[PDB]
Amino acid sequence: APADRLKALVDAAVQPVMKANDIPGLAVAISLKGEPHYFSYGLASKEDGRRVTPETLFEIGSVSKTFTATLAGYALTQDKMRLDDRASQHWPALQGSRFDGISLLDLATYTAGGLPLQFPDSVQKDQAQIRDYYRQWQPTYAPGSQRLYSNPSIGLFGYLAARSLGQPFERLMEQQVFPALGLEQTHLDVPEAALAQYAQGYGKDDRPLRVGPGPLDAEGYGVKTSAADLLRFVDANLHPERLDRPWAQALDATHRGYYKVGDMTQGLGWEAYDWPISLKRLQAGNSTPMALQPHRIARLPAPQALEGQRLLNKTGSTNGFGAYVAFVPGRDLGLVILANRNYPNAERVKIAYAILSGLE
């Protein structure tokens, strides 16, 4: 029967990668022809033997950037900001800084001029320290020219989008975005009542690792969610028209490409590829040099719709966790892979590619 064949396909993709990367627990969720399918493996906690289920909460790391982008899409639909705004329009503390000459689009798409991968260790999670970091920052190169993947960059984008809406980022996400998307198992700050679902993360010698506080952590990498809720978010991205109109438009804003770097087209949060494309090229787009090195961009003459024969994806990691999400708009196919070890992106993509190729 189809259930036997689908289980065989997903197990064949997952099981060797879990063994090879010593992953304690992993949850898969697939959306196929409008129907969800879940496959849960291993342990959420090795110490107490709690099993992974589709309700287990995992840290999704930088997949959070697609939620940040969705909030910004809502601010855009409301006309509270524009992507061409100067960043300092939305925060008087930045008036007269170099953010007078940097757009919100540049921040969102990592092209502001060399904002680093992470805030320096010297900037703690403190409003004044964050403010002062941005006030003094100077670009290494012209804005809009080079992509350097960056938490302070899209972090500031989310922070400013929240200011355009007159409310803190975390509050907007909890009170407005997650409810509008129908997400009740998605958190920036896990409730005490949901802690039993929060998987343990694992590092070297199985050191336990759950993400700690950092500057603009919520905007950059702070979401915890289940495979079932993250698949609900993928299904909202596959069918924005099913949501109330302002939220449909907010999702659509995350499906617009601005430039290319190699095979990858950069949207707000989402990164897109032509589909089909080889596994090696999809792995190279999600490689360590893409996360760590600047790359000159090839700007598109007009923003491009990220739909049809394309794969939209995002990797996300924390010290203890490794996530990957991908979907194919023109095929109504979605996939989520959440694990409680930060294992290589190439390996995440390997599982995903086997599944997506076999669903096709």
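Don't overthink the numbering: it's just position in the shown sequence, from 1. By rigid core we mean the largest C-alpha set that fits within 1.5 Å across both forms.
The stretch that strays farther, by root mean square C-alpha distance over structures and residues in 7 other deposited structures of this protein after a rigid core fit, is 202 to 210, when 265 to 273 is set against 202 to 210. Per the PDB record, of the two stretches 252 to 260 and 202 to 210, 202 to 210 carries the greater mean B-factor over its C-alpha atoms.
Stretch comparison (143 to 151 versus 231 to 239) by mean CA B-factor in the PDB entry places 143 to 151 on top. Set against one another, the Cα B-factors of 60, 305, 26, 326 in the record reach their highest point at 305.
Taking the PDB entry at face value, the top CA B factor among 71, 115, 279, 195 belongs to 195. Per the deposited record, the Cα B-factor of residue 132 falls in the middle third when ranked against the other modelled residues of its chain. Compared with the other modelled residues of the chain, the Cα B-factor recorded for residue 316 ranks in the lowest third. Per the PDB record, residue ranking by Cα B-factor puts residue 322 in the lowest third of the chain. Residue 44: CA B factor in the middle third of modelled residues in this chain (values from the PDB entry).
The PDB entry assigns residue 65 a C-alpha temperature factor belonging to the lowest third of its chain's modelled residues.
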